[PDB]
Amino acid sequence: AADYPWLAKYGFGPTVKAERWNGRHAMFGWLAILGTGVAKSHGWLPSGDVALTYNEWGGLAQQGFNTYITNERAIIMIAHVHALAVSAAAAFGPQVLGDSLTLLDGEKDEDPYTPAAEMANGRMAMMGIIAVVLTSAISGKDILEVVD
Amino acid sequence: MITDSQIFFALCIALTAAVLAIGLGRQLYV
Amino acid sequence: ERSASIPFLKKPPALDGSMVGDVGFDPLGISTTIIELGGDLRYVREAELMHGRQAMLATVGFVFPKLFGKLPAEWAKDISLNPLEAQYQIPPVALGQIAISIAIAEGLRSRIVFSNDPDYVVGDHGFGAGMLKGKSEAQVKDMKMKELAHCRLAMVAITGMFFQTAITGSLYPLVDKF
Amino acid sequence: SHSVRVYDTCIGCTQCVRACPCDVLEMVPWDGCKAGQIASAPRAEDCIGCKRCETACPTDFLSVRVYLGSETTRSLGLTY
Amino acid sequence: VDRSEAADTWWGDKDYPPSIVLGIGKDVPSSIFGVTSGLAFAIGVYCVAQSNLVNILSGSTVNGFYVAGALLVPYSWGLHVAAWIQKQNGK
Amino acid sequence: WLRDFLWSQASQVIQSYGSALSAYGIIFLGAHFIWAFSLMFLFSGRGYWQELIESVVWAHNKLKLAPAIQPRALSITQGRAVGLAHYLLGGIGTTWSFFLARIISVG
Amino acid sequence: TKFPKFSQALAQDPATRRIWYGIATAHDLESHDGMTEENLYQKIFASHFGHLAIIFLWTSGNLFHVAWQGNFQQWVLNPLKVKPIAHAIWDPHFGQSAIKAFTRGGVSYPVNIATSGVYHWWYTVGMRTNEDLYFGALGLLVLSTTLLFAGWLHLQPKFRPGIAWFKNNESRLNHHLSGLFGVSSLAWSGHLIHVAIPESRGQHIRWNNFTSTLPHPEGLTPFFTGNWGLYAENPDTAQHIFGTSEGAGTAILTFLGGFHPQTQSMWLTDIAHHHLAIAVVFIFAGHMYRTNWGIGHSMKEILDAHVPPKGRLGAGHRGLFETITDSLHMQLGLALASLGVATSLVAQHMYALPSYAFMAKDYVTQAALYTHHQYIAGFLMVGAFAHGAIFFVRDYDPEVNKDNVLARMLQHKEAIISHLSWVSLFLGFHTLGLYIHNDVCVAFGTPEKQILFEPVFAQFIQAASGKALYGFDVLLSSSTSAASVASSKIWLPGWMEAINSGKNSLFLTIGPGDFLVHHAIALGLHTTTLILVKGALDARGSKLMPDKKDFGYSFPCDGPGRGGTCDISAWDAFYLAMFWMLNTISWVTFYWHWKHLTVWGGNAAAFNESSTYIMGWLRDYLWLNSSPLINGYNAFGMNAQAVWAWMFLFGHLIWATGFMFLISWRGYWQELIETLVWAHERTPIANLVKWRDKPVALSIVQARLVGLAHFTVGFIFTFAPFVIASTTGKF
Amino acid sequence: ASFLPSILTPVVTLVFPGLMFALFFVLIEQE
Ligand code: CLA
Ligand SMILES: CC1=C(C#C/C(C)=C/C=C/C(C)=C/C=C/C=C(C)/C=C/C=C(C)/C=C/[C@@]23O[C@]2(C)C[C@@H](O)CC3(C)C)C(C)(C)C[C@H](O)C1
Ligand SMILES: CC1=C(C#C/C(C)=C/C=C/C(C)=C/C=C/C=C(C)/C=C/C=C(C)/C=C/[C@@]23O[C@]2(C)C[C@@H](O)CC3(C)C)C(C)(C)C[C@H](O)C1
Ligand SMILES: CC1=C(/C=C/C(C)=C/C=C/C(C)=C/C=C/C=C(C)/C=C/C=C(C)/C=C/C2=C(C)CCCC2(C)C)C(C)(C)CCC1
Ligand code: SF4
Ligand code: SF4
């Protein structure tokens, strides 16, 4: 905190703004797990466990290495990379009268504990994500089967 | 055959070592 | 001029009677080199108390599961009663639980251990400090000295029990054949 | 800035001052030398370190001697 | 040992070392030094010859007493240098 | 470039010993030597060389034969010039021997 | 609070040289602003802790990678055929062709073939499964964790060691000799006897059962009875197969000598006995010095008294204790010299006497290890001399060393430098002349005129050690001599066979080429010593600059006056001698690599014939063996050596770029940067973007440093590729 | 597992060293 003045200045670290943003991301992430689970239950993603090829995805395919990168993996990769692109756009670009990822010079981090409802739900969502990842690790089961 | 849990445990110990390395670098910097 | 514990060796210059259990026992002069370096014996005293208290808990736990029932045995029934083999038989869930609890507790301890605060009494972590509210100074010092004596005894006791269980497999008058 | 020093082996021949391209050196009165003058460096902050004084000094070893040190815009001689 | 707690053993201005260099044997006479050095040389050379020259050493024949007595040969050198030093210092 | 031109065509130079082009082989080596010898002057500086000459001059003065014309390390500009001349001679002679041996052998 | 907080001068420096010099003097703790000796020592101690943690992290990384991605288990079954894997390759730039080529070693993914011998080392030491390697990596990670915490701890106020404790020489040397060397070697001997010999003999000894399994059937009863020959009785048979119980003995401590026949490496019983005995010696020697118990020695007293009679060495070693214990640079120089000599010793001894199973037949690993350790030895020696120079220019006190053995070195430094110049000149003149004579004679179609001096003295040493093809019949070669008879039931029955067996690198046959190349090596060593010794001795002053100590160790020059004073600082002596270190180590490694390629390929009459002239080196070593490297990738395709070809060209490019900084100096680049500053400031749009530090050309010493850096990295990259790829392509 | 090269090599050899270069530059350009 005090020993890291640089990251403390822009809210980077154990800060209420960071907790808010990570709670929002955990909410969207639990949504994403549910959405991709129902997507796999339905038919959207390519089937067959077809591996990518150098002729379509090049050296990022890892055709002959190992590690069975699939077309469903490539499509969800494109989706999350688009999320990361919109992320850089929203964070670095103009705050459209919303929330800044960085604290900004004038603002001071909100007092530590509808916005409070968001934070309670975000703590719950982070706890749910961690619990699901653990339960998958201990059981050896898939995350989608665990939530199912 | 090294297992996933084995790799993760070694990675966790490596992360602990990394935190200690940052601490030692700080204390050498002061 | 001469130690009290060993009355034919010089008194340790570092030790001067202003500590609990100071009976001038330092043939090597570890305290002497520490004070020559520039440190103070707070760390070694706190390490003594920590090692000891762990040793007392582990002494009782060494013989409890055999002399008395090894729990109601929902999961412990598979694990052997020999303490040297029980360590290599804890399930991952219980092992992680105990490890996490100990790690969090001693991570909390570390900051006060390595702080510059002189108010910190050595081996005074606040756990159950409410019984010294009524004790007098002599009573407090004497009780701390009983604590240190128990610590010092249990430390040697674990070495004895561990080596006996490793080389013989049995403690002689108490627990046998485990 | 560089440190310019003058030792009492000076003979007051006033050649370091003429070799000086930054007006760091100047002759001042002195009792020791026959010529009655000694080099001195009252403007060492303007020193750049080209050591033309050292080159022009005719003593067997240099009466005027320059030690390079902390660098500055003037010492680096940067127009920017 | 520190810089201060160290004896003045330099002797470049004199012809012989001070006896203090001999440490624990700073008072044993030159006679004792010489006699012990001679006995040590004889015994050690005897041990070495009996171990490797008169006999052939091997895993089944290496003798601890001869091995230990071999170490009296360098001790003999030290003792004879000591004998000279004490003879020159007058002891 | 390293394989199919230098390595490939250096065969007729290096395998020239015992033949009429063995002079080209010798000059190949000698030009290599001079090119490397030039690097001494190109990288080094007069101060070290003057101090080394001072040590050697002490050795001579100890024997009463230090010359009246006092020896000095070469000037800085002269050292640069000598390094450049040796560098150019070594490189040009290397290429000279290589081209002549290769072309006379194959063509 | 600006970057060079430790140096306020650089803090006020406005140009870009601030960053360069701050990074450069980051670790020059002695000359930092507001530094005291106690703080210096404590900071050095903590940095040592961090450095040890780095070393153990590197070791743990190697172990974990071989455990996880390496074919250690497959390599164990068939060591002589399966190629060891270092780690997997993760590269999105790889094509399908490169993927197929780098997919090797009996795995389904691209990999790098290990050339460090870690597989052989761990297999000999007793590792058989990836689990053991993983647990070793975990334990080394924990060790590094503890070392980092210790480094942090020993800077705390109550835990900061004192200067007297740091300067306590006697205790430190006692403990290092007895425990760091002695007890650690005893621990290694115990490890061998408990885990390595049983694993070589087909016994799985690990933590779960090493407490139960007896290393010897008799136990410690022979050790206590004193009948220690029972531990040598029943050695391993010559028909033993490593890793199996067939042909296995029971002896734990032997002195058989020679080599294990199957693996062509020394016996593990011999190595365990070596480490046990050597530890006895070191634990004894660690009781030499006086520490808190009266009995012992006083190093100051020893040095003070060691002055020969009549002032032969002046005042003797008086003051040397004070100078060594006060000056850290002298201690650093002694340590670097000793460690460089030791690195050369291991390089010379590992190839002649392999210790790891099946390493001798692994030709790539042997060359890589020899080159690696010889180069590091050269670097360590140059560093030892450079720090001797820094000690002379920074820490040397003539008042303390009045008429000292060290001051007399400066007194007759002129004689020393002149005679080193003489011997360097003689060696170079004559070696080059004989080589040119041989060159011209073979060139003119008359090799018979070659002047070929037989290395009779080295051959005599080989004969005295046990060689018999020379026919000298001296000492061990003559079975009858006292030397041959006294040791005829311990080590000679194996050593004689090992040395006279022609299939080994132990005491290779030598000839006129070896004579000439050895004299060349002498030239290299002597000239490097000349440059370094001159730098050290003239660092304080010279006739061209008597007051050099005032300027210090590394300064650019003294100006163009007095004829020019280039490279006069005695740092430039180090920078010059680095070229010669590279030169002589390159000569050494070329000699090693060519002789060993010829010996391994079975045509030693290529080295014995062609090495007498220089075109033989240029053709039958460089040109001949460069084909598999440069053919790593060509117009028709690519092989697995394409990485070696690319790195070969890479090292060439860096070696070439070094010539820029070495030849072209600061004034040109400074004026050019003035022009570039003008252009940037005057162009529109871009001039809104403006620097903070004024961009300046690199300083003189900085550019000498950069040019030498590009030279050295270049050297090592080029030879690494050429030594690792040509060997692989030829075997 | 075979996942981890893909996850770790680019994170550790594009993102982390770029951030370190940014941090070092920003730190050395202070005051
Ligand atoms: C110095 C030792 C070392 C070295 C040279 C390497 C090298 C490598 N590792 Mg790493 N690794 C190490 C130790 C080391 N490892 C250790 C001890 C572990 C934990 C057991 C791992 C676990 C690991 C995994 C799981 C993977 C790699 C991979 C890789 C490769 C890609 C780089 C990467 O992101 O890894 C770094 C990854 C980390 C999680 C960080 C490890 C932290 C180490 C211990 C730091 C050591 C620092 C060093 C001593 C000094 C400072 C360096 C620098 C600041 C100057 C590369 C060949 C990848 C691979 O296989 O690619 C093909 C991969 O997937 N490594
Ligand atoms: C022990 C102790 C302490 C404590 C404590 C306690 C109780 C700490 C608890 C911490 C806890 C429980 C911390 C969890 C964080 C989880 C996060 C950030 C996860 C985000 C995960 C995210 C944002 C993932 C998102 C996605 O992947 C999802 C899911 C779907 C994918 O499609 C892709 C995306 C990116 C959308 C102190 C206070 C520390 C010190 C004190 O002294 C003692
Ligand atoms: C080796 C050997 C043997 C032995 C032995 C010997 C001598 C062993 C000696 C063992 C010894 C001496 C063991 C001490 C235990 C102390 C305990 C349990 C204290 C707990 C105290 C606790 C849990 C306190 C809890 C509190 O919350 C409470 C309740 C109140 C609060 O206010 C706060 C505190 C914290 C106070 C044998 C067996 C004789 C056979 C043979 O000879 C070989
Ligand atoms: C400048 C200076 C410095 C540095 C130096 C150096 C760097 C050095 C080095 C050196 C070296 C590097 C040396 C080496 C040496 C060696 C030797 C001296 C050897 C010997 C050997 C022997 C004696 C042997 C013998 C034998 C045996 C035993 C066995 C077998 C046989 C034989 C015979 C071989 C210092 C720091 C000091 C400081 C001051 C200054
Ligand atoms: S010696 Fe130098 S400083 Fe003195 S008068 Fe002459 S030129 Fe000037
Ligand atoms: S050092 Fe340069 S600026 Fe200073 S007096 Fe001499 S010539 Fe002038």
# chains A, B, ... in the order shown; residues from 1 in each chain; ligands from 1
$ interface_residues --of "chain C" --to "chain A" --cutoff "12 Å" --atoms "only C-alpha atoms" --output "PyMOL selection string"
chain C and resi 92-93+96
$ residues_near_ligand --ligand "ligand 6" --cutoff "9 Å" --atoms "only C-alpha atoms and all ligand atoms" --output "VMD selection string"
chain D and resid 2 to 4 16 to 25 41 43 to 55 64 to 68 75
$ write_last_selection --atoms "N, CA and C atoms" --output "short mmCIF file (atom, residue, chain, number, x, y, z; two decimals), in the first residue's frame"
data_model
loop_
_atom_site.label_atom_id
_atom_site.label_comp_id
_atom_site.auth_asym_id
_atom_site.auth_seq_id
_atom_site.Cartn_x
_atom_site.Cartn_y
_atom_site.Cartn_z
N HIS D 2 34.34 19.53 -13.65
CA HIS D 2 35.69 19.04 -13.46
C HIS D 2 36.44 19.94 -12.48
N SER D 3 37.44 19.36 -11.82
CA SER D 3 38.23 20.05 -10.80
C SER D 3 39.58 20.43 -11.40
N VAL D 4 39.87 21.72 -11.45
CA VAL D 4 41.13 22.24 -11.96
C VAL D 4 41.97 22.70 -10.77
N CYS D 16 48.84 28.19 -20.17
CA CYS D 16 47.58 27.51 -19.93
C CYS D 16 46.41 28.46 -20.14
N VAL D 17 46.55 29.70 -19.68
CA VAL D 17 45.48 30.68 -19.80
C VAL D 17 45.21 30.99 -21.27
N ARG D 18 46.26 31.06 -22.08
CA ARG D 18 46.07 31.35 -23.50
C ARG D 18 45.49 30.14 -24.23
N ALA D 19 45.91 28.93 -23.84
CA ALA D 19 45.32 27.73 -24.40
C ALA D 19 43.87 27.53 -23.97
N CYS D 20 43.44 28.17 -22.89
CA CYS D 20 42.09 28.00 -22.37
C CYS D 20 41.05 28.50 -23.37
N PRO D 21 40.12 27.67 -23.85
CA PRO D 21 39.03 28.18 -24.70
C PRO D 21 37.73 28.48 -23.97
N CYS D 22 37.72 28.49 -22.63
CA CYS D 22 36.52 28.77 -21.85
C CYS D 22 36.74 29.79 -20.75
N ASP D 23 37.91 30.43 -20.69
CA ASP D 23 38.21 31.44 -19.67
C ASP D 23 38.07 30.86 -18.27
N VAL D 24 38.61 29.66 -18.07
CA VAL D 24 38.59 29.05 -16.74
C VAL D 24 39.80 29.48 -15.92
N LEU D 25 40.92 29.80 -16.57
CA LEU D 25 42.18 30.06 -15.90
C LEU D 25 42.56 31.53 -16.01
N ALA D 41 42.18 28.94 -11.04
CA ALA D 41 40.97 28.47 -11.72
C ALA D 41 39.74 28.89 -10.92
N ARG D 43 36.87 29.73 -12.21
CA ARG D 43 35.68 29.42 -13.00
C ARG D 43 35.71 27.96 -13.45
N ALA D 44 35.96 27.06 -12.50
CA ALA D 44 36.06 25.64 -12.83
C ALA D 44 34.73 25.08 -13.33
N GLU D 45 33.61 25.71 -12.99
CA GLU D 45 32.31 25.20 -13.44
C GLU D 45 32.19 25.26 -14.96
N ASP D 46 32.88 26.20 -15.60
CA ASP D 46 32.89 26.31 -17.05
C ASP D 46 33.88 25.35 -17.71
N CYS D 47 34.61 24.56 -16.93
CA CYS D 47 35.57 23.63 -17.49
C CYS D 47 34.88 22.56 -18.32
N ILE D 48 35.48 22.24 -19.46
CA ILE D 48 34.99 21.17 -20.33
C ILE D 48 35.90 19.95 -20.31
N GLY D 49 37.19 20.11 -20.05
CA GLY D 49 38.11 18.99 -19.90
C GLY D 49 38.94 18.66 -21.12
N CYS D 50 39.09 19.59 -22.07
CA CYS D 50 39.90 19.30 -23.25
C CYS D 50 41.39 19.27 -22.92
N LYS D 51 41.79 19.78 -21.75
CA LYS D 51 43.15 19.64 -21.24
C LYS D 51 44.19 20.31 -22.14
N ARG D 52 43.78 21.38 -22.84
CA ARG D 52 44.75 22.18 -23.56
C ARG D 52 45.72 22.87 -22.61
N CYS D 53 45.27 23.19 -21.39
CA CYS D 53 46.18 23.67 -20.36
C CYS D 53 47.27 22.65 -20.08
N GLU D 54 46.88 21.39 -19.91
CA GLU D 54 47.84 20.33 -19.65
C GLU D 54 48.79 20.16 -20.82
N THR D 55 48.27 20.26 -22.05
CA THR D 55 49.13 20.16 -23.22
C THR D 55 50.14 21.30 -23.27
N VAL D 64 49.50 22.76 -13.84
CA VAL D 64 48.05 22.81 -13.98
C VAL D 64 47.56 21.41 -14.29
N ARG D 65 46.59 20.93 -13.52
CA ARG D 65 46.13 19.56 -13.63
C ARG D 65 44.62 19.51 -13.43
N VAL D 66 43.95 18.74 -14.28
CA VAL D 66 42.49 18.70 -14.36
C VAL D 66 42.04 17.27 -14.08
N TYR D 67 41.09 17.13 -13.15
CA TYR D 67 40.47 15.85 -12.81
C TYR D 67 39.03 15.89 -13.29
N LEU D 68 38.68 14.97 -14.18
CA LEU D 68 37.31 14.87 -14.66
C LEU D 68 36.41 14.36 -13.54
N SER D 75 29.86 21.23 -18.99
CA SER D 75 31.01 20.34 -19.08
C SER D 75 30.93 19.46 -20.32
#
$ residues_near_ligand --ligand "ligand 2" --cutoff "10 Å" --atoms "only C-alpha atoms and all ligand atoms" --output "MDAnalysis selection string"
(chainID A and resid 14 18:19 21:36 76:77 79:80 83:84 122:133) or (chainID C and resid 100:101 103:109 111)
$ residues_near_ligand --ligand "ligand 4" --cutoff "9 Å" --atoms "only C-alpha atoms and all ligand atoms" --output "ChimeraX atom specification"
/G:324,329-338,340-341,380-392,396,406,409,529,532-537
$ residues_near_ligand --ligand "ligand 1" --cutoff "6 Å" --atoms "only C-alpha atoms and all ligand atoms" --output "PyMOL selection string"
(chain B and resi 10-11+14) or (chain G and resi 54+57-58+60-61+64+88-90) or (chain H and resi 4-5+8-9+12)
$ residues_around --residues "residue C:178" --least-positions-apart "3" --cutoff "12 Å" --atoms "only C-alpha atoms" --output "PyMOL selection string"
chain C and resi 62-63+65-67+80-86+164-166+168-172+174-175
$ atom_distance --atom1 "atom 19 (C, counted along the ligand's line) of ligand 3" --atom2 "atom CA of residue C:4"
28.6 Å
$ atom_distance --atom1 "atom CA of residue G:474" --atom2 "atom CA of residue G:344"
28.3 Å
$ select_by_dssp --residues "stretch 398-497 of chain G" --states "alpha helix (DSSP H)" --output "VMD selection string"
chain G and resid 405 to 411 413 to 443 456 to 465 482 to 486 492 to 497
$ residues_around --residues "stretch 43-47 of chain C" --least-positions-apart "2" --cutoff "10 Å" --atoms "only C-alpha atoms" --output "number ranges by chain"
C: 19-21, 30-31, 34, 39-41, 49-53, 113-114, 121-124, 148; G: 158-159
